[PDB]
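Worksheet: the structure to be examined is printed underneath.
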Amino acid sequence: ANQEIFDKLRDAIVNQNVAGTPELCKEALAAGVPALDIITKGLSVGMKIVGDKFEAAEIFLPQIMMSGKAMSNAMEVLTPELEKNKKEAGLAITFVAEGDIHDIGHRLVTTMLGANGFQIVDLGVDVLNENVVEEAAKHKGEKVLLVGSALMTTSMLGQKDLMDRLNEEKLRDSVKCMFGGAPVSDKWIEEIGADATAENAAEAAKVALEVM
Ligand SMILES: [Mg+2]
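With UniProt numbering applied, the sequence shown corresponds to residues 2 to 88, 92 to 216, in that order.
Rendered as structure tokens:
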């Protein structure tokens with residue numbers, strides 16, 4: 002059910018309706034629809050279409066910026082809804101690779117983690133690999149999970165360096181590492197030496213738990 006409001010949410014993103022997206026999130030929300038379904042069956046569906054349109058040179062950067070802001074505004078209404086049911093499996097240090105400012109997915113995963121029994125340490129975006137290493141050092145010995153984002157190949161490559169720097173500082177084996185984004189493949193995860201990855205907030209939370 003709810004297909005109509007899903008399409009409206011999907012279209013609000015596709016048509017750069019920044020002001021409207023929030024209203025619809027409330028409309029759907031008030032209709033007893035779960036925040037995560039609003040994202041995965043509506044907003045995310047639209048963001049994907051907008052992604053294809055761009056890669057096909059149909060739309061451009063002015064449209065992508067507005068679709069981005071459209072979803073960020075939507076997240077301001079759903080995040081609090083997601084932080085409910087705060088079901092401490094450990095400490096998660098979240099960040100987006102250096103030179104990368106894409107934070108929608110990063111913010112979504114960080115919200116789920118924590119909502120699923122995790123203490124959060126959000127480093128923000130454009131985080132240097134050393135500041136992540138410095139953060140991991142301050143928490144050496146305890147239950148630590150490094151959650152990293154990167155939506156650009158150029159920034160995703162730096163994840164290798166990160167893993168390499170964690171070893172040079174013999175800090176690795178004491179922490180679990182999960183990278184994500186999209187340019188991140190199940191191949192690249194082992195090429196460097198990570199412990200996992202997810203494709204969405206939902207799975208991210210599950211994998212985070214399983215990886216103990
Ligand atoms: Mg810089």
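Ideal placement from N, C-alpha and C gives every residue a C-beta, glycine not left out.
- Here residue 100 is not near residue 45, since their CB atoms are 8 Å or more apart.
- Secondary-structure assignment with DSSP links residue 98 through a beta bridge to 126 and 151.
- Residue 65 is positioned such that its CB atom lies no closer than 8 Å to that of residue 151.
- In summary, residue 42 is buried, with 16 or more beta-carbon neighbours lying within 10 Å of its beta-carbon over all protein chains present.
- A check of alpha carbon separations from residue 157 across 187, 17 and 141 identifies 187 as the nearest.
- Rounded to the nearest angstrom, the gap between the Cα atoms of residue 54 and residue 67 is 14 Å.
- In this structure, residue 92 sits near residue 121, with a CB-CB distance shorter than 8 Å.
- Assigned with DSSP and collapsed to three states, residue 202 falls in coil, not helix or strand.
- As for any beta strand (DSSP E) of minimum length 3 sitting wholly inside the stretch 131 to 201, the runs are 148 to 153 and 180 to 184, ordered along the chain.
- Taken through DSSP and simplified to helix, strand or coil, residue 216 comes out as coil.
- If the five residues before and after residue 114 are omitted, its C-beta is found closer than 8 Å to the C-beta atoms of 96, 98, 124, 126 and 151, all from its own chain and listed in chain order.
- Exposed is the label assigned to residue 214, since fewer than 16 other Cβ atoms lie within 10 Å of its Cβ.
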